[PDB]
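Need coordinates for the following:
(one chain, ligands or ions: 4)
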Amino acid sequence: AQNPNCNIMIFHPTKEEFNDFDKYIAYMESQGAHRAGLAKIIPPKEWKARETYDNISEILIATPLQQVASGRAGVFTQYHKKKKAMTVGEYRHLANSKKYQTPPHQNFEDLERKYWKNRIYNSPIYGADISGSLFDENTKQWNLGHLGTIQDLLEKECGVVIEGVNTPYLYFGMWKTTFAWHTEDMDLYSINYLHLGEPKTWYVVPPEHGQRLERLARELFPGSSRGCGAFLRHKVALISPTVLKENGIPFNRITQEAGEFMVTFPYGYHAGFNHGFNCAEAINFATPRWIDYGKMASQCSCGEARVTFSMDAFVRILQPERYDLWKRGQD
Ligand SMILES: O=C(O)CNC(=O)C(=O)O
Ligand SMILES: [Mg+2]
Ligand code: NI
Ligand SMILES: [Zn+2]
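Numbering: from 1, shown residues only. Ligands and ions are numbered 1, 2, ... in the order given. Take a look at the structure below.
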């Protein structure tokens, strides 16, 4: 078996290798990349997502989210308080203010220590889930707006045509902005490009050990767990690396910088935080290997997780038994 310790692998494709997305994903998995739940992809030195980022300030963040924490330093939930719309220009100015800016620090390690020590005493503001793309339409390789769709993958694999479309989202982050422990909708893959600014640190549990994370989570968030059999889909729960180590949960960590891609793999639980002002673009995708994970994916039926129009059809085809009760959580 390739990558038996489930380490995060880093790839350096040539411009020749960078022409065929599907085939490069298949290559990475032949080297065991998926076992980690997360891989880093450094694009060829010749490749650019777009010419410059000089004209992005007028993008609107219609619903900025203030991330308010409750709990203890290493075990907390966050809720999202809706704030008034601002442009990316205004947001960037906010992220750089004395109140929200990244603090003085030695290295990613000193910064990580400060994040986990101090996160809960602050409420950073995230621009999340904004429909759009910053890839130049002339960028032909690894353009997240031009990937093959999940609906076409399902159709090629299973012979059934379904409704739905699949488009990218932009995330604008600042210091301490946080992504809670989760897998993707329907345990899909994701791909994430950090377009500009400060880094993003990621924690990930190998897919083969995901259930151990879930079991710890049921113990750490006992009331959430009683309310919903898949409460991690609410994307509110945080657990520090110290707490994970204390409980024997296998995981890994890696820091993404501007200009790099990350791929998350089916059923790879991940979480993280932003080091300062940045902009990332992400989208879900599928391969033939995803189909079985889609069929087994846990669902939120308490009605908190509330998920896309396109997800309906996945549940309808892949999980016809769940499909009655699930859309009751959606309606
Ligand atoms: O970048 C973020 O804040 C969240 N993105 C993801 O969880 C992802 O790409 O899978
Ligand atoms: Mg603009
Ligand atoms: Ni994700
Ligand atoms: Zn739920």
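
ok, residue 114 - contacts?
103, 105 (C-beta atoms under 8 Å, 6 or more residues apart in numbering). Just so you know, the C-beta spots here come from the backbone N, C-alpha and C atoms, and that holds for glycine as well.

Figure out the helix or strand that it lives in.
If you go by DSSP states H and E, residue 114 is part of helix 108-118.

Briefly note if that helix comes near ligand 1.
No - under the criterion of C-beta under 6 Å from any ligand atom, ligand 1 is not reached by helix 108-118; the shortest gap measures 13.9 Å.

Name the residues of that helix that are buried.
The neighbour-count check on helix 108-118 (16 or more other C-beta atoms under 10 Å) flags 111, 112, 114, 115, 116 as buried.

and what of stretch 122-129?
123, 124, 125, 126, 127, 128.

Please tell me I have it right and the fifth one contacts residue 56.
In other words, residue 127. No - between residue 127 and residue 56 there is no contact under C-beta atoms under 8 Å: 11.6 Å.

what sits in contact with each of the two?
With C-beta under 8 Å, 6+ apart, residue 127 and residue 56 have common neighbours residue 88.

Around ligand 2, pick out the residues from the chain.
By C-beta under 5 Å from the ion, the part of the chain that sits against ligand 2 consists of 56, 58.

ok, which stretches of the chain are helices?
Secondary structure of the chain (DSSP state H): helices located at 21-30, 88-95, 108-118, 150-158, 210-220, 222-227, 241-246, 290-296, 309-318, 320-330.

now the first one against helix 150-158, angle please.
Spelled out, it's helix 21-30. Counting by axes from the mean of the first three to the mean of the last three C-alpha atoms, to 10 degrees, helix 21-30 lies at 70 degrees to helix 150-158.

Which positions in helix 21-30 come out as buried?
In helix 21-30, counting by 16+ other C-beta under 10 Å, buried: 21, 24, 25, 28, 29.

check contacts around the last one.
Contacts of residue 29 were listed using C-beta under 8 Å, 6+ apart, and they are residue 289.

What's the separation between it and residue 314?
21 Å (C-beta to C-beta, to the nearest Å).

And residue 177, by the same measure?
Distance, residue 177 to residue 314, by C-beta to C-beta: 28 Å.

again with residue 30
According to C-beta to C-beta, residue 30 and residue 314 sit 26 Å apart.

For the stretch 151-300 of the chain, list the residues in contact with ligand 4, please.
Neighbours of ligand 4 within the stretch 151-300 of the chain, by C-beta under 5 Å from the ion: 228, 300.

Close to ligand 1: what parts of the stretch 151-300 of the chain are there?
By C-beta under 6 Å from any ligand atom, the residues of the stretch 151-300 of the chain that approach ligand 1 are 171, 179, 190, 192, 264, 280, 282.

Contact partners for residue 14?
By C-beta under 8 Å, 6+ apart, residue 14 lies in contact with residue 44.

Quick check, the residue in the chain closest to ligand 2?
Residue of the chain nearest ligand 2, by C-beta to the ion: residue 58 (3.2 Å).

so who does the closest residue in space to residue 105 that isn't next to it in sequence touch?
For residue 105, ignoring the flanking residues on the chain, the nearest one in space by C-beta to C-beta, 6 or more residues apart in numbering is residue 111 at 4.4 Å. Each residue near residue 111 by C-beta under 8 Å, 6+ apart is listed here: 102, 105, 275.

Any of those buried? List them.
Applying 16+ other C-beta under 10 Å to these flags 102, 275 as buried.

returning to what we had before: so which of the buried residues of stretch 122-129 sit within strands?
Among the buried residues of stretch 122-129, the residues falling in strands (DSSP state E) are 125, 126, 127, 128.

my read: the last one touches residue 67, true?
No - look at residue 128 against residue 67 with C-beta under 8 Å: they stay out of range, at 9.5 Å.

Quickly list what the closest residue to ligand 4 within the stretch 1-150 of the chain is bridged to.
Closest contact between the stretch 1-150 of the chain and ligand 4, by C-beta to the ion, is at residue 77 (13.3 Å). Beta bridges link residue 77 to residue 70, residue 237 when assigned by DSSP bridges.

What is the burial count for it?
Counted with other C-beta atoms under 10 Å, residues neighbouring residue 77 total 18.

Could you do the one 5 residues further on as well?
Other residues within reach of residue 82, judged by other C-beta under 10 Å, total 10.

start the count at 788, not 1, going forward
Taking 788 as the first residue, the last one we looked at is residue 869.

Tell me what it is bridged to.
Beta-bridge partners for residue 869, by DSSP bridges, are residue 852.

Ligand 1 versus that one, what's the distance?
Distance from residue 869 to ligand 1, counting by C-beta to the nearest ligand atom, to the nearest Å: 17 Å.

Can you give me the distance of that residue to residue 1031?
If you go by C-beta to C-beta, the gap between residue 869 and residue 1031 works out to 31 Å.

likewise residue 1069?
Residue 1069 sits at a distance of 24 Å from residue 1031 (criterion: C-beta to C-beta).

what's the answer for residue 873, then?
Residue 873 sits 35 Å away from residue 1031, going by C-beta to C-beta.
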